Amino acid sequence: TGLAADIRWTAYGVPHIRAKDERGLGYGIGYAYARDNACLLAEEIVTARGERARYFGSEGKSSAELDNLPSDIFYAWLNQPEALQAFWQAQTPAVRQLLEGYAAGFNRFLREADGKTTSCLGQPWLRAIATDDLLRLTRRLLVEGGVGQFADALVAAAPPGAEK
């Protein structure tokens, strides 16, 4: 009752998470990963939300070397609310609990972080996350072996004009 995790770190910062359920397990994973990589996850969530142009403008790129606006168009298309809802409804109770836990653990670190291991404190894109964000990352991962490889091609797809 309800979200609890025991975490042990060995050499090189490797977390060992113990919990009595998936919810507590996710809690520990989210907290531990946030301590090491909160800024990385925040940036990638921005990308998967299709908000790179919102925070960084059109001149910049994602970590996958896609222009911010084409990337935003692709991920806005990919991660529409209807798509995320259907994915969530298809998840087992165990998986939902893992995700809920992860989000809560990540967010707990954000609340308490004082910059000791986090270089992006104060940035507007460094913010609390939700389970939907983790779904956006999962779907982004999924299409890497498919339509994700054609992100630019999708954005470029426009009907012909009155030419020739």
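Residue numbers here begin at 1 and follow the sequence given.
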When the C-alpha temperature factors are averaged for each of 46-54 and 121-129, which stretch ends up with the higher value in the entry?
121-129
Compare the mean C-alpha B-factor of 23-31 with that of 111-119 as given in the PDB entry, and name the stretch with the higher value.
111-119
Which third of the chain holds residue 59 when residues are ordered by C-alpha B factor: lowest, middle or highest?
highest
What third of the chain, by the recorded C-alpha B-factor, contains residue 141?
middle
Determine, from the deposited record, the chain-internal third of the Cα B-factor for residue 91: lowest, middle or highest.
lowest
If you rank the chain by CA B-factor, which third does residue 100 end up in: lowest, middle or highest?
lowest
CA B-factor ranking of residue 84, expressed as a third of its chain:
middle
